[PDB]
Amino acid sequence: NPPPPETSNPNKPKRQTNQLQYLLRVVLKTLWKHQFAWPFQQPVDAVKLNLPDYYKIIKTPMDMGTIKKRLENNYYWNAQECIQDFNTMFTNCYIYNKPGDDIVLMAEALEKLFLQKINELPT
């Protein structure tokens, strides 16, 4: 297991926009409670999974636990950076696995909900 993505960076400019507040309070916390959220609530544990291949394939890992900590630390400058982290998490899953795999069906259900929730954001 490599070190998880950084969730604090002080040479980084921080913002709390209305959109970022919404991404934490509404978007992430709704996804967090989805029945299929749990594989995505923390980094892939390759050691537990006995998947020495995973981090040899996925070079920019991302998960909702990391995103949640970033949002709580005001890590992001704008909502687009946070949405990009969500999109990296989903894309990683689609890259490493194959269409129709169980974990892909879970990611697809979360992404459907994610896209529903971010279709309209605060002003």
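If you superpose the two forms and keep the largest set of C-alpha atoms that fall within 1.5 Å, you have the rigid core. Counting begins at 1, following the sequence as shown.
After superposition on the rigid core, the larger root-mean-square Cα deviation in 8 other deposited structures of this protein belongs to 50 to 58, not to the other of 82 to 90 and 50 to 58. Per-stretch RMS Cα distance to the displayed form in 8 other deposited structures of this protein, following rigid core alignment, is highest for 17 to 25 when 17 to 25 and 111 to 119 are compared. The question of which stretch, 15 to 23 or 95 to 103, has the higher mean Cα B factor is settled in favour of 15 to 23.
With 68 to 76 and 81 to 89 compared on mean CA B-factor from the PDB entry, the stretch scoring higher is 68 to 76.
Note on 29, 34, 59, 48: the highest value goes to 29, judged by CA B factor as recorded.
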